[PDB]
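Chemist: Quick one: this structure, given as structure tokens, is what I'll be asking you about.
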Amino acid sequence: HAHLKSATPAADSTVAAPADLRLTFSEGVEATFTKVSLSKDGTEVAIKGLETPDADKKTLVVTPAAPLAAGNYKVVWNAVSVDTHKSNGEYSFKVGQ
């Protein structure tokens, strides 16, 4: 099933805002039903959409609509594998530009 093994700004990390967030899963996911939301102090931040540029479906990419100011953020995600199974989870990180 799709579980996260490596990530762009992993939990409890401190980074400059990323250009895009790249989540890597063991099982590939359908770009069409996967959904990711980003929140700042309990308020959602707009998302351009999400895509998979790689030939493989193991990499999932999300682009924020606006730059992130310094502070605490939470990412909430829902992923559907190509085997149609659904899984969800959440993690947090700090922007320290």
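Residues in the structure tokens are named by chain (A, B, ... in the order shown) and by number from 1 within that chain; ligands are numbered from 1 in the order shown.
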Could I get the residues of segment 46-78 of chain A with an atom no further than 10 Å from an atom of segment 2-12 of chain A, each paired with its nearest atom pair and that distance in Å to one decimal, using only C-alpha atoms, sorted by chain and residue number, as a tab-separated table?
Modeler:
residue	atom	partner	partner_atom	distance
A:58	CA	A:2	CA	8.8
A:59	CA	A:7	CA	9.8
A:61	CA	A:8	CA	9.8
A:72	CA	A:12	CA	9.5
A:73	CA	A:12	CA	9.9
A:74	CA	A:11	CA	9.2
A:75	CA	A:11	CA	9.6
Chemist: Of the residues A:76, A:68, A:38, A:46, which is the one nearest to residue 15 of chain A, using only C-alpha atoms?
Modeler: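 Of the candidates, the smallest distance to residue 15 of chain A is held by A:68.
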Chemist: As an exercise, work out the distance from atom CA of residue 25 of chain A to atom CA of residue 94 of chain A in Å and give it to one decimal place.
Modeler: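 Separation between atom CA of residue 25 of chain A and atom CA of residue 94 of chain A: 22.3 Å.
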Chemist: Which is closest to residue 53 of chain A among A:31, A:70, A:16, A:65, if we use only C-alpha atoms?
Modeler: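 Checking each of A:31, A:70, A:16, A:65 against residue 53 of chain A, counting only C-alpha atoms, the winner is A:31.
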